[PDB]
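J.: Next comes the structure file upload-v3.cif, holding mmCIF, N, CA, C and O atoms.
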```cif
data_start
loop_
_atom_site.label_atom_id
_atom_site.label_comp_id
_atom_site.auth_asym_id
_atom_site.auth_seq_id
_atom_site.Cartn_x
_atom_site.Cartn_y
_atom_site.Cartn_z
N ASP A 1 -6.79 14.43 4.20
CA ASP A 1 -7.43 15.63 4.71
C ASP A 1 -8.28 16.47 3.76
O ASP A 1 -9.07 17.30 4.20
N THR A 2 -8.34 16.17 2.46
CA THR A 2 -8.95 16.90 1.36
C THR A 2 -9.37 15.96 0.25
O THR A 2 -10.15 16.41 -0.59
N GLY A 3 -9.06 14.66 0.27
CA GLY A 3 -9.54 13.74 -0.74
C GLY A 3 -8.95 13.89 -2.14
O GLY A 3 -9.39 13.22 -3.06
N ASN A 4 -7.98 14.78 -2.40
CA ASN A 4 -7.17 14.81 -3.61
C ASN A 4 -6.46 13.49 -3.84
O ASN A 4 -5.68 13.06 -3.00
N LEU A 5 -6.59 13.00 -5.08
CA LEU A 5 -6.23 11.64 -5.44
C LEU A 5 -5.28 11.72 -6.61
O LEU A 5 -5.58 12.38 -7.61
N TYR A 6 -4.08 11.16 -6.43
CA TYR A 6 -2.89 11.24 -7.26
C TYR A 6 -2.30 9.88 -7.61
O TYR A 6 -2.76 8.85 -7.12
N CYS A 7 -1.30 9.75 -8.50
CA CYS A 7 -0.42 8.64 -8.78
C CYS A 7 1.03 8.95 -8.44
O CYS A 7 1.47 10.09 -8.55
N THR A 8 1.85 7.95 -8.12
CA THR A 8 3.11 8.14 -7.44
C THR A 8 4.27 8.06 -8.42
O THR A 8 5.38 8.47 -8.07
N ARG A 9 4.11 7.44 -9.59
CA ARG A 9 5.12 7.03 -10.55
C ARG A 9 4.44 6.89 -11.91
O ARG A 9 3.22 6.98 -12.03
N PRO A 10 5.18 6.81 -13.01
CA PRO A 10 4.77 6.66 -14.39
C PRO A 10 4.39 5.22 -14.74
O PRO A 10 5.12 4.31 -14.38
N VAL A 11 3.29 5.06 -15.48
CA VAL A 11 2.87 3.77 -15.99
C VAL A 11 3.18 3.56 -17.47
O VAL A 11 3.60 4.48 -18.17
N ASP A 12 2.77 2.41 -18.02
CA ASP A 12 3.00 2.12 -19.41
C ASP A 12 1.79 1.44 -20.02
O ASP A 12 1.32 0.44 -19.48
N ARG A 13 1.19 1.94 -21.11
CA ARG A 13 0.18 1.34 -21.95
C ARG A 13 0.62 0.01 -22.54
O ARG A 13 -0.13 -0.91 -22.89
N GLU A 14 1.94 -0.09 -22.69
CA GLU A 14 2.68 -1.30 -23.00
C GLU A 14 2.29 -2.41 -22.04
O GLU A 14 1.85 -3.45 -22.54
N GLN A 15 2.42 -2.12 -20.74
CA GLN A 15 2.29 -3.08 -19.66
C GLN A 15 0.89 -3.24 -19.07
O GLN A 15 0.64 -4.36 -18.62
N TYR A 16 0.13 -2.16 -18.97
CA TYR A 16 -1.13 -2.09 -18.26
C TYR A 16 -2.28 -1.58 -19.13
O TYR A 16 -2.09 -0.98 -20.17
N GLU A 17 -3.55 -1.71 -18.72
CA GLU A 17 -4.69 -1.20 -19.45
C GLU A 17 -5.59 -0.36 -18.55
O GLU A 17 -5.81 0.79 -18.92
N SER A 18 -6.11 -0.91 -17.44
CA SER A 18 -7.09 -0.26 -16.60
C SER A 18 -7.01 -0.79 -15.18
O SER A 18 -6.46 -1.85 -14.87
N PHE A 19 -7.65 -0.06 -14.27
CA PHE A 19 -7.56 -0.27 -12.84
C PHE A 19 -8.86 0.18 -12.17
O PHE A 19 -9.53 1.09 -12.64
N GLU A 20 -9.21 -0.71 -11.23
CA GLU A 20 -10.34 -0.56 -10.34
C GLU A 20 -9.81 -0.42 -8.92
O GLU A 20 -9.15 -1.31 -8.38
N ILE A 21 -10.21 0.72 -8.34
CA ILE A 21 -9.83 1.13 -7.01
C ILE A 21 -11.05 1.59 -6.23
O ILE A 21 -11.84 2.39 -6.72
N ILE A 22 -11.22 1.15 -4.97
CA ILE A 22 -12.20 1.58 -4.00
C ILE A 22 -11.74 2.78 -3.19
O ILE A 22 -10.63 2.74 -2.68
N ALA A 23 -12.52 3.87 -3.15
CA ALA A 23 -12.34 4.88 -2.15
C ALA A 23 -13.23 4.65 -0.93
O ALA A 23 -14.40 4.28 -1.09
N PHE A 24 -12.75 4.92 0.29
CA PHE A 24 -13.54 4.88 1.51
C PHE A 24 -13.11 5.81 2.63
O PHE A 24 -12.00 6.28 2.88
N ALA A 25 -14.14 6.11 3.42
CA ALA A 25 -14.02 7.00 4.56
C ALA A 25 -14.12 6.28 5.90
O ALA A 25 -14.87 5.30 6.03
N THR A 26 -13.36 6.77 6.88
CA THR A 26 -13.27 6.09 8.16
C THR A 26 -13.18 7.15 9.24
O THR A 26 -12.56 8.20 9.04
N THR A 27 -13.74 6.91 10.42
CA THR A 27 -13.51 7.87 11.49
C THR A 27 -12.21 7.60 12.25
O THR A 27 -11.73 6.48 12.41
N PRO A 28 -11.67 8.62 12.91
CA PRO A 28 -10.53 8.45 13.80
C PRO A 28 -10.67 7.46 14.95
O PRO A 28 -9.65 7.11 15.53
N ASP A 29 -11.87 7.05 15.35
CA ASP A 29 -12.18 6.12 16.42
C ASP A 29 -12.48 4.71 15.92
O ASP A 29 -12.85 3.84 16.70
N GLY A 30 -12.27 4.59 14.61
CA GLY A 30 -12.15 3.26 14.04
C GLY A 30 -13.44 2.60 13.60
O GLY A 30 -13.72 1.51 14.10
N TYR A 31 -14.24 3.32 12.81
CA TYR A 31 -15.50 2.87 12.27
C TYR A 31 -15.92 3.46 10.92
O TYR A 31 -15.40 4.50 10.52
N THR A 32 -16.79 2.78 10.18
CA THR A 32 -17.07 3.09 8.80
C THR A 32 -18.55 3.34 8.55
O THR A 32 -19.27 2.38 8.31
N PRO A 33 -19.09 4.56 8.73
CA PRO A 33 -20.51 4.78 8.85
C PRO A 33 -21.26 4.90 7.53
O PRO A 33 -22.48 4.89 7.41
N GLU A 34 -20.54 4.87 6.41
CA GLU A 34 -21.16 5.04 5.12
C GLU A 34 -20.45 4.18 4.08
O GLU A 34 -19.32 3.73 4.24
N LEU A 35 -21.16 3.91 3.00
CA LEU A 35 -20.80 3.21 1.78
C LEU A 35 -19.58 3.68 1.01
O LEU A 35 -19.31 4.87 0.89
N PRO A 36 -18.89 2.71 0.37
CA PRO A 36 -17.68 3.02 -0.34
C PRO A 36 -18.00 3.38 -1.78
O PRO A 36 -19.10 3.18 -2.29
N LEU A 37 -17.03 4.05 -2.41
CA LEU A 37 -17.09 4.50 -3.80
C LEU A 37 -16.07 3.71 -4.60
O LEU A 37 -14.90 4.06 -4.67
N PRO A 38 -16.52 2.78 -5.45
CA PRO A 38 -15.71 2.28 -6.54
C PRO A 38 -15.31 3.27 -7.62
O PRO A 38 -16.14 4.04 -8.09
N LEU A 39 -14.05 3.29 -8.04
CA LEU A 39 -13.45 4.16 -9.04
C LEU A 39 -13.00 3.30 -10.20
O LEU A 39 -12.48 2.20 -10.04
N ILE A 40 -13.09 3.91 -11.38
CA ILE A 40 -12.56 3.33 -12.61
C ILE A 40 -11.53 4.22 -13.29
O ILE A 40 -11.83 5.36 -13.63
N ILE A 41 -10.43 3.60 -13.71
CA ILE A 41 -9.27 4.38 -14.11
C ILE A 41 -8.48 3.71 -15.22
O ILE A 41 -7.84 2.68 -15.02
N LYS A 42 -8.41 4.38 -16.38
CA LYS A 42 -7.76 3.84 -17.55
C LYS A 42 -6.41 4.44 -17.91
O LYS A 42 -6.23 5.64 -17.70
N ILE A 43 -5.44 3.64 -18.36
CA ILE A 43 -4.21 4.08 -18.97
C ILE A 43 -4.43 4.44 -20.43
O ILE A 43 -4.95 3.62 -21.19
N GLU A 44 -3.88 5.57 -20.89
CA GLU A 44 -4.00 6.07 -22.25
C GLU A 44 -2.71 5.87 -23.04
O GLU A 44 -1.62 5.92 -22.47
N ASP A 45 -2.84 5.58 -24.34
CA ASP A 45 -1.80 5.17 -25.27
C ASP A 45 -1.27 6.13 -26.32
O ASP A 45 -2.09 6.73 -27.02
N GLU A 46 0.05 6.29 -26.46
CA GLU A 46 0.80 6.99 -27.47
C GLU A 46 1.72 6.02 -28.19
O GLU A 46 1.99 4.92 -27.73
N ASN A 47 2.35 6.44 -29.30
CA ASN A 47 3.15 5.56 -30.12
C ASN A 47 4.52 5.17 -29.58
O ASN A 47 5.34 4.50 -30.21
N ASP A 48 4.82 5.75 -28.41
CA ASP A 48 6.05 5.90 -27.67
C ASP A 48 7.00 4.72 -27.56
O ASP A 48 8.19 4.92 -27.39
N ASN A 49 6.53 3.50 -27.80
CA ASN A 49 7.31 2.30 -27.96
C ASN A 49 7.77 2.22 -29.41
O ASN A 49 7.00 2.34 -30.35
N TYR A 50 9.09 2.16 -29.56
CA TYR A 50 9.81 2.14 -30.82
C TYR A 50 9.51 0.90 -31.64
O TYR A 50 9.24 -0.18 -31.11
N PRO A 51 9.63 0.93 -32.97
CA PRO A 51 9.88 -0.25 -33.77
C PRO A 51 11.29 -0.76 -33.54
O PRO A 51 12.17 0.02 -33.21
N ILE A 52 11.48 -2.07 -33.77
CA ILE A 52 12.70 -2.82 -33.55
C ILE A 52 12.70 -3.96 -34.57
O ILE A 52 11.77 -4.76 -34.53
N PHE A 53 13.73 -4.03 -35.42
CA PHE A 53 14.11 -5.17 -36.23
C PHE A 53 14.17 -6.52 -35.54
O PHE A 53 14.70 -6.48 -34.43
N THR A 54 13.62 -7.60 -36.11
CA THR A 54 13.48 -8.91 -35.50
C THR A 54 14.72 -9.80 -35.55
O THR A 54 14.68 -11.02 -35.43
N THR B 1 1.40 0.24 25.69
CA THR B 1 2.06 1.15 26.59
C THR B 1 3.46 1.59 26.18
O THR B 1 4.00 2.57 26.68
N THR B 2 4.12 0.93 25.22
CA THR B 2 5.53 1.15 24.98
C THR B 2 6.02 1.29 23.55
O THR B 2 7.16 1.64 23.29
N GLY B 3 5.05 1.01 22.68
CA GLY B 3 5.36 1.00 21.26
C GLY B 3 6.50 0.06 20.89
O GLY B 3 7.09 0.18 19.82
N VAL B 4 6.79 -1.05 21.60
CA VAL B 4 7.54 -2.18 21.09
C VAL B 4 6.69 -3.06 20.18
O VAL B 4 5.61 -3.48 20.57
N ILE B 5 7.18 -3.30 18.97
CA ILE B 5 6.45 -4.03 17.95
C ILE B 5 6.94 -5.47 17.92
O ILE B 5 8.10 -5.78 18.18
N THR B 6 6.11 -6.50 17.71
CA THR B 6 6.50 -7.89 17.63
C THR B 6 5.86 -8.60 16.45
O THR B 6 5.01 -8.10 15.72
N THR B 7 6.38 -9.81 16.20
CA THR B 7 5.74 -10.67 15.23
C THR B 7 4.60 -11.43 15.87
O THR B 7 4.49 -11.74 17.06
N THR B 8 3.62 -11.90 15.08
CA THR B 8 2.70 -12.93 15.50
C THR B 8 2.68 -14.26 14.77
O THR B 8 2.05 -15.20 15.26
N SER B 9 3.42 -14.46 13.68
CA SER B 9 3.46 -15.62 12.80
C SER B 9 4.88 -15.99 12.35
O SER B 9 5.74 -15.13 12.20
N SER B 10 5.19 -17.25 12.02
CA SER B 10 6.44 -17.73 11.46
C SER B 10 6.30 -17.85 9.96
O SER B 10 7.33 -18.25 9.41
N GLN B 11 5.23 -17.33 9.35
CA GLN B 11 4.95 -17.40 7.93
C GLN B 11 5.68 -16.37 7.08
O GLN B 11 5.10 -15.56 6.36
N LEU B 12 7.00 -16.34 7.22
CA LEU B 12 7.94 -15.39 6.65
C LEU B 12 8.90 -16.17 5.76
O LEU B 12 9.41 -17.16 6.27
N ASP B 13 9.24 -15.69 4.56
CA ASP B 13 10.24 -16.26 3.67
C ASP B 13 10.83 -15.16 2.79
O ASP B 13 10.16 -14.51 1.99
N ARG B 14 12.14 -14.98 2.94
CA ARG B 14 12.79 -13.97 2.12
C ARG B 14 12.91 -14.34 0.65
O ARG B 14 12.92 -13.48 -0.22
N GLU B 15 12.79 -15.66 0.45
CA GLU B 15 12.75 -16.17 -0.90
C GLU B 15 11.46 -15.87 -1.65
O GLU B 15 11.29 -16.29 -2.80
N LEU B 16 10.53 -15.17 -0.99
CA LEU B 16 9.25 -14.78 -1.55
C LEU B 16 8.89 -13.32 -1.31
O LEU B 16 8.56 -12.61 -2.26
N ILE B 17 9.04 -12.81 -0.09
CA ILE B 17 8.73 -11.47 0.35
C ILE B 17 9.81 -10.94 1.29
O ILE B 17 10.12 -11.59 2.28
N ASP B 18 10.38 -9.79 0.93
CA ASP B 18 11.58 -9.16 1.45
C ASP B 18 11.30 -7.84 2.16
O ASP B 18 12.17 -7.37 2.89
N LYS B 19 10.11 -7.28 1.95
CA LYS B 19 9.53 -6.24 2.77
C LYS B 19 8.07 -6.30 3.14
O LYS B 19 7.23 -6.75 2.35
N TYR B 20 7.75 -5.82 4.34
CA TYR B 20 6.41 -5.38 4.71
C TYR B 20 6.13 -3.90 4.91
O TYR B 20 7.08 -3.18 5.15
N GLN B 21 4.87 -3.48 4.96
CA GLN B 21 4.44 -2.23 5.56
C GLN B 21 3.48 -2.58 6.69
O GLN B 21 2.80 -3.59 6.64
N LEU B 22 3.43 -1.70 7.69
CA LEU B 22 2.57 -1.71 8.86
C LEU B 22 2.24 -0.29 9.27
O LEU B 22 3.08 0.62 9.32
N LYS B 23 0.96 -0.05 9.53
CA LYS B 23 0.44 1.28 9.82
C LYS B 23 0.12 1.51 11.29
O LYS B 23 -0.56 0.67 11.85
N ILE B 24 0.51 2.63 11.92
CA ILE B 24 0.46 2.74 13.36
C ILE B 24 0.16 4.16 13.81
O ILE B 24 0.34 5.14 13.10
N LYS B 25 -0.48 4.28 14.97
CA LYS B 25 -0.82 5.55 15.58
C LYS B 25 -0.42 5.52 17.06
O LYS B 25 -0.37 4.44 17.66
N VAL B 26 -0.10 6.72 17.54
CA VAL B 26 -0.07 7.11 18.93
C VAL B 26 -1.21 8.10 19.20
O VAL B 26 -1.64 8.84 18.32
N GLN B 27 -1.73 8.08 20.44
CA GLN B 27 -2.86 8.84 20.91
C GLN B 27 -2.71 9.16 22.39
O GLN B 27 -2.07 8.38 23.07
N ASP B 28 -3.18 10.33 22.83
CA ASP B 28 -3.14 10.64 24.25
C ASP B 28 -4.43 10.30 24.96
O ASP B 28 -5.26 9.51 24.52
N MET B 29 -4.53 10.85 26.17
CA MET B 29 -5.67 10.64 27.04
C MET B 29 -6.01 9.17 27.26
O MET B 29 -7.19 8.83 27.30
N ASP B 30 -4.97 8.36 27.46
CA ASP B 30 -5.05 6.91 27.50
C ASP B 30 -6.02 6.31 26.48
O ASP B 30 -6.64 5.28 26.71
N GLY B 31 -5.95 6.81 25.25
CA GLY B 31 -6.73 6.30 24.13
C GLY B 31 -8.21 6.63 24.10
O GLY B 31 -8.84 6.00 23.27
N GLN B 32 -8.77 7.41 25.04
CA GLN B 32 -10.16 7.81 25.03
C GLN B 32 -10.58 8.58 23.79
O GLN B 32 -9.75 8.91 22.94
N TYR B 33 -11.88 8.79 23.60
CA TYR B 33 -12.48 9.49 22.48
C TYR B 33 -11.93 10.87 22.15
O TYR B 33 -11.35 10.99 21.06
N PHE B 34 -11.90 11.87 23.02
CA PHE B 34 -11.18 13.11 22.83
C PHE B 34 -9.68 13.02 23.06
O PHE B 34 -9.02 14.03 23.25
N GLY B 35 -9.10 11.82 22.99
CA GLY B 35 -7.66 11.69 22.93
C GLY B 35 -7.22 12.01 21.51
O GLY B 35 -7.84 11.49 20.59
N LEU B 36 -6.31 12.99 21.39
CA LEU B 36 -5.78 13.45 20.12
C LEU B 36 -4.77 12.45 19.60
O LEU B 36 -4.11 11.79 20.39
N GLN B 37 -4.65 12.30 18.28
CA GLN B 37 -4.00 11.18 17.64
C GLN B 37 -3.21 11.47 16.37
O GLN B 37 -3.61 12.35 15.61
N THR B 38 -2.06 10.80 16.24
CA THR B 38 -1.13 11.07 15.16
C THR B 38 -0.57 9.79 14.57
O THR B 38 -0.14 8.90 15.32
N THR B 39 -0.58 9.73 13.24
CA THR B 39 -0.48 8.47 12.54
C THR B 39 0.83 8.42 11.74
O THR B 39 1.19 9.41 11.12
N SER B 40 1.41 7.22 11.74
CA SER B 40 2.60 6.97 10.95
C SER B 40 2.55 5.63 10.23
O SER B 40 1.60 4.87 10.32
N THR B 41 3.61 5.27 9.50
CA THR B 41 3.87 3.99 8.86
C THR B 41 5.20 3.52 9.43
O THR B 41 6.11 4.29 9.69
N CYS B 42 5.39 2.21 9.35
CA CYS B 42 6.74 1.68 9.32
C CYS B 42 6.83 0.54 8.32
O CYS B 42 5.87 -0.15 8.03
N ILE B 43 8.06 0.25 7.87
CA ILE B 43 8.42 -0.80 6.94
C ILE B 43 9.19 -1.85 7.72
O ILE B 43 9.97 -1.47 8.59
N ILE B 44 9.01 -3.14 7.37
CA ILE B 44 9.76 -4.18 8.03
C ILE B 44 10.49 -4.89 6.89
O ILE B 44 9.93 -5.61 6.06
N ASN B 45 11.82 -4.83 6.93
CA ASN B 45 12.73 -5.47 5.99
C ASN B 45 12.95 -6.90 6.48
O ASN B 45 13.30 -7.03 7.65
N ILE B 46 12.82 -7.95 5.66
CA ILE B 46 13.17 -9.29 6.06
C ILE B 46 14.61 -9.54 5.62
O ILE B 46 14.94 -9.22 4.49
N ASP B 47 15.51 -9.99 6.49
CA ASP B 47 16.82 -10.57 6.30
C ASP B 47 16.74 -12.07 6.05
O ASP B 47 15.74 -12.70 6.41
N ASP B 48 17.85 -12.65 5.58
CA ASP B 48 17.94 -13.98 5.03
C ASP B 48 18.56 -14.97 6.01
O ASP B 48 19.55 -14.71 6.71
N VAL B 49 18.05 -16.20 6.09
CA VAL B 49 18.71 -17.25 6.84
C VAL B 49 18.97 -18.37 5.84
O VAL B 49 18.31 -18.42 4.81
N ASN B 50 19.89 -19.31 6.08
CA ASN B 50 20.24 -20.34 5.13
C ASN B 50 19.38 -21.59 5.28
O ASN B 50 19.61 -22.42 6.15
N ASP B 51 18.33 -21.66 4.46
CA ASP B 51 17.25 -22.63 4.42
C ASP B 51 17.07 -23.25 3.04
O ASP B 51 16.30 -24.21 2.93
N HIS B 52 17.75 -22.73 2.03
CA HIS B 52 17.98 -23.41 0.77
C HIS B 52 19.35 -24.06 0.81
O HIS B 52 20.28 -23.30 1.06
N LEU B 53 19.54 -25.34 0.50
CA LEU B 53 20.84 -25.93 0.26
C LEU B 53 21.32 -25.75 -1.17
O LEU B 53 20.54 -25.32 -2.01
N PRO B 54 22.62 -25.92 -1.43
CA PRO B 54 23.08 -25.83 -2.79
C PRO B 54 22.86 -27.21 -3.38
O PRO B 54 23.47 -28.18 -2.90
#
```
If you convert what's in this file into structure tokens, what do you get?

T.:
Amino acid sequence: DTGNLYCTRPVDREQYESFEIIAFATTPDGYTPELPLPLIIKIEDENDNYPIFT
Amino acid sequence: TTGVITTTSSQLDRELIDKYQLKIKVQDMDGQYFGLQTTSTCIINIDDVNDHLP
């Protein structure tokens, strides 16, 4: 209803790097009258993963 | 007319996929254009049958 765009849970720079997501608009009667918006979205890194003896 | 939901395929395996999502709406005015409309989700949990032998 307002196009505010959020994430649901915490990610890890450990596990992931970046993400490509499409935004799009649709009418209530089931049709798509305009072009979609590709989004680009990066995970950011801190030292937060510990050192560990081998 | 009744909101009873069914399957259309036998392409189900709990040994691979154990949940679905499905998106659904109800609408008045027998579905016409100025029929007002309200949207929900449902989840479909797959249960197990014995199709792997030991």

J.: Just need the residues of chain B within 8 Å of chain A, counting all atoms listed in the file, so spit them out as a PyMOL selection string.

T.: chain B and resi 31-33+35+37

J.: Residues picked by the PyMOL selection byres ((chain B and resi 46) around 5) here, as a PyMOL selection string?

T.: chain B and resi 18-19+44-45+47-48

J.: Just give me the gap between atom CA of residue 13 of chain B and atom CA of residue 42 of chain B in Å, one decimal is fine.

T.: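 Between atom CA of residue 13 of chain B and atom CA of residue 42 of chain B the gap is 19.1 Å.
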
J.: On this structure, the PyMOL selection byres ((chain A and resi 14-16) around 8) would catch which residues? List them as a PDB file with N, CA, C and O atoms, in the coordinates of the input, sorted by chain and number.

T.:
```pdb
ATOM      1  N   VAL A  11       3.290   5.060 -15.480  1.00  0.00           N
ATOM      2  CA  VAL A  11       2.870   3.770 -15.990  1.00  0.00           C
ATOM      3  C   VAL A  11       3.180   3.560 -17.470  1.00  0.00           C
ATOM      4  O   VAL A  11       3.600   4.480 -18.170  1.00  0.00           O
ATOM      5  N   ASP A  12       2.770   2.410 -18.020  1.00  0.00           N
ATOM      6  CA  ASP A  12       3.000   2.120 -19.410  1.00  0.00           C
ATOM      7  C   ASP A  12       1.790   1.440 -20.020  1.00  0.00           C
ATOM      8  O   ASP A  12       1.320   0.440 -19.480  1.00  0.00           O
ATOM      9  N   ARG A  13       1.190   1.940 -21.110  1.00  0.00           N
ATOM     10  CA  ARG A  13       0.180   1.340 -21.950  1.00  0.00           C
ATOM     11  C   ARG A  13       0.620   0.010 -22.540  1.00  0.00           C
ATOM     12  O   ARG A  13      -0.130  -0.910 -22.890  1.00  0.00           O
ATOM     13  N   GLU A  17      -3.550  -1.710 -18.720  1.00  0.00           N
ATOM     14  CA  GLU A  17      -4.690  -1.200 -19.450  1.00  0.00           C
ATOM     15  C   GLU A  17      -5.590  -0.360 -18.550  1.00  0.00           C
ATOM     16  O   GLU A  17      -5.810   0.790 -18.920  1.00  0.00           O
ATOM     17  N   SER A  18      -6.110  -0.910 -17.440  1.00  0.00           N
ATOM     18  CA  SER A  18      -7.090  -0.260 -16.600  1.00  0.00           C
ATOM     19  C   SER A  18      -7.010  -0.790 -15.180  1.00  0.00           C
ATOM     20  O   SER A  18      -6.460  -1.850 -14.870  1.00  0.00           O
ATOM     21  N   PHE A  19      -7.650  -0.060 -14.270  1.00  0.00           N
ATOM     22  CA  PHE A  19      -7.560  -0.270 -12.840  1.00  0.00           C
ATOM     23  C   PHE A  19      -8.860   0.180 -12.170  1.00  0.00           C
ATOM     24  O   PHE A  19      -9.530   1.090 -12.640  1.00  0.00           O
ATOM     25  N   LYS A  42      -8.410   4.380 -16.380  1.00  0.00           N
ATOM     26  CA  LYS A  42      -7.760   3.840 -17.550  1.00  0.00           C
ATOM     27  C   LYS A  42      -6.410   4.440 -17.910  1.00  0.00           C
ATOM     28  O   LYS A  42      -6.230   5.640 -17.700  1.00  0.00           O
ATOM     29  N   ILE A  43      -5.440   3.640 -18.360  1.00  0.00           N
ATOM     30  CA  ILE A  43      -4.210   4.080 -18.970  1.00  0.00           C
ATOM     31  C   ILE A  43      -4.430   4.440 -20.430  1.00  0.00           C
ATOM     32  O   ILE A  43      -4.950   3.620 -21.190  1.00  0.00           O
ATOM     33  N   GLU A  44      -3.880   5.570 -20.890  1.00  0.00           N
ATOM     34  CA  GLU A  44      -4.000   6.070 -22.250  1.00  0.00           C
ATOM     35  C   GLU A  44      -2.710   5.870 -23.040  1.00  0.00           C
ATOM     36  O   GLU A  44      -1.620   5.920 -22.470  1.00  0.00           O
ATOM     37  N   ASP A  45      -2.840   5.580 -24.340  1.00  0.00           N
ATOM     38  CA  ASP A  45      -1.800   5.170 -25.270  1.00  0.00           C
ATOM     39  C   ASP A  45      -1.270   6.130 -26.320  1.00  0.00           C
ATOM     40  O   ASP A  45      -2.090   6.730 -27.020  1.00  0.00           O
ATOM     41  N   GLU A  46       0.050   6.290 -26.460  1.00  0.00           N
ATOM     42  CA  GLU A  46       0.800   6.990 -27.470  1.00  0.00           C
ATOM     43  C   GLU A  46       1.720   6.020 -28.190  1.00  0.00           C
ATOM     44  O   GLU A  46       1.990   4.920 -27.730  1.00  0.00           O
ATOM     45  N   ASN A  49       6.530   3.500 -27.800  1.00  0.00           N
ATOM     46  CA  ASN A  49       7.310   2.300 -27.960  1.00  0.00           C
ATOM     47  C   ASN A  49       7.770   2.220 -29.410  1.00  0.00           C
ATOM     48  O   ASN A  49       7.000   2.340 -30.350  1.00  0.00           O
TER      49      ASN A  49
END
```

J.: To one decimal place, how far is atom CA of residue 32 of chain A from atom O of residue 6 of chain A in Å?

T.: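 One can read the atom CA of residue 32 of chain A to atom O of residue 6 of chain A distance as 22.2 Å.
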
J.: Could you give me, as a list in words, each residue of chain A that DSSP assigns to strand (DSSP E or B) when run on this structure's backbone?

T.: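 Restricting chain A to strand (DSSP E or B) produces residues 18, 19, 20, 21, 22, 23, 37, 38, 39, 40, 41 and 42 of chain A.
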
J.: Would you save the residues of that selection, restricted to N, CA, C and O atoms, as a PDB file, keeping the file's coordinate frame?

T.:
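again.pdb was written with the following content:
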```pdb
ATOM      1  N   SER A  18      -6.110  -0.910 -17.440  1.00  0.00           N
ATOM      2  CA  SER A  18      -7.090  -0.260 -16.600  1.00  0.00           C
ATOM      3  C   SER A  18      -7.010  -0.790 -15.180  1.00  0.00           C
ATOM      4  O   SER A  18      -6.460  -1.850 -14.870  1.00  0.00           O
ATOM      5  N   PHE A  19      -7.650  -0.060 -14.270  1.00  0.00           N
ATOM      6  CA  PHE A  19      -7.560  -0.270 -12.840  1.00  0.00           C
ATOM      7  C   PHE A  19      -8.860   0.180 -12.170  1.00  0.00           C
ATOM      8  O   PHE A  19      -9.530   1.090 -12.640  1.00  0.00           O
ATOM      9  N   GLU A  20      -9.210  -0.710 -11.230  1.00  0.00           N
ATOM     10  CA  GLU A  20     -10.340  -0.560 -10.340  1.00  0.00           C
ATOM     11  C   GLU A  20      -9.810  -0.420  -8.920  1.00  0.00           C
ATOM     12  O   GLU A  20      -9.150  -1.310  -8.380  1.00  0.00           O
ATOM     13  N   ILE A  21     -10.210   0.720  -8.340  1.00  0.00           N
ATOM     14  CA  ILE A  21      -9.830   1.130  -7.010  1.00  0.00           C
ATOM     15  C   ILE A  21     -11.050   1.590  -6.230  1.00  0.00           C
ATOM     16  O   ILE A  21     -11.840   2.390  -6.720  1.00  0.00           O
ATOM     17  N   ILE A  22     -11.220   1.150  -4.970  1.00  0.00           N
ATOM     18  CA  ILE A  22     -12.200   1.580  -4.000  1.00  0.00           C
ATOM     19  C   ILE A  22     -11.740   2.780  -3.190  1.00  0.00           C
ATOM     20  O   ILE A  22     -10.630   2.740  -2.680  1.00  0.00           O
ATOM     21  N   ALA A  23     -12.520   3.870  -3.150  1.00  0.00           N
ATOM     22  CA  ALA A  23     -12.340   4.880  -2.150  1.00  0.00           C
ATOM     23  C   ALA A  23     -13.230   4.650  -0.930  1.00  0.00           C
ATOM     24  O   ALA A  23     -14.400   4.280  -1.090  1.00  0.00           O
ATOM     25  N   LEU A  37     -17.030   4.050  -2.410  1.00  0.00           N
ATOM     26  CA  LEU A  37     -17.090   4.500  -3.800  1.00  0.00           C
ATOM     27  C   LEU A  37     -16.070   3.710  -4.600  1.00  0.00           C
ATOM     28  O   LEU A  37     -14.900   4.060  -4.670  1.00  0.00           O
ATOM     29  N   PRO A  38     -16.520   2.780  -5.450  1.00  0.00           N
ATOM     30  CA  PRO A  38     -15.710   2.280  -6.540  1.00  0.00           C
ATOM     31  C   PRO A  38     -15.310   3.270  -7.620  1.00  0.00           C
ATOM     32  O   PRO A  38     -16.140   4.040  -8.090  1.00  0.00           O
ATOM     33  N   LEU A  39     -14.050   3.290  -8.040  1.00  0.00           N
ATOM     34  CA  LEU A  39     -13.450   4.160  -9.040  1.00  0.00           C
ATOM     35  C   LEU A  39     -13.000   3.300 -10.200  1.00  0.00           C
ATOM     36  O   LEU A  39     -12.480   2.200 -10.040  1.00  0.00           O
ATOM     37  N   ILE A  40     -13.090   3.910 -11.380  1.00  0.00           N
ATOM     38  CA  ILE A  40     -12.560   3.330 -12.610  1.00  0.00           C
ATOM     39  C   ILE A  40     -11.530   4.220 -13.290  1.00  0.00           C
ATOM     40  O   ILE A  40     -11.830   5.360 -13.630  1.00  0.00           O
ATOM     41  N   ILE A  41     -10.430   3.600 -13.710  1.00  0.00           N
ATOM     42  CA  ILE A  41      -9.270   4.380 -14.110  1.00  0.00           C
ATOM     43  C   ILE A  41      -8.480   3.710 -15.220  1.00  0.00           C
ATOM     44  O   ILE A  41      -7.840   2.680 -15.020  1.00  0.00           O
ATOM     45  N   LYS A  42      -8.410   4.380 -16.380  1.00  0.00           N
ATOM     46  CA  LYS A  42      -7.760   3.840 -17.550  1.00  0.00           C
ATOM     47  C   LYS A  42      -6.410   4.440 -17.910  1.00  0.00           C
ATOM     48  O   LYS A  42      -6.230   5.640 -17.700  1.00  0.00           O
TER      49      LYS A  42
END
```

J.: On this structure, which residues satisfy the PyMOL selection byres ((chain B and resi 41) around 4.5), written as a compact mmCIF listing (two decimals) with N, CA, C and O atoms, in the coordinates of the input?

T.:
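Saved the output as result.txt:
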```txt
# COMPACT_ATOMS: atom_id res chain seq x y z
N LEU B 22 3.43 -1.70 7.69
CA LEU B 22 2.57 -1.71 8.86
C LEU B 22 2.24 -0.29 9.27
O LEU B 22 3.08 0.62 9.32
N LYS B 23 0.96 -0.05 9.53
CA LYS B 23 0.44 1.28 9.82
C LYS B 23 0.12 1.51 11.29
O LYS B 23 -0.56 0.67 11.85
N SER B 40 1.41 7.22 11.74
CA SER B 40 2.60 6.97 10.95
C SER B 40 2.55 5.63 10.23
O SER B 40 1.60 4.87 10.32
N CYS B 42 5.39 2.21 9.35
CA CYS B 42 6.74 1.68 9.32
C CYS B 42 6.83 0.54 8.32
O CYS B 42 5.87 -0.15 8.03
```
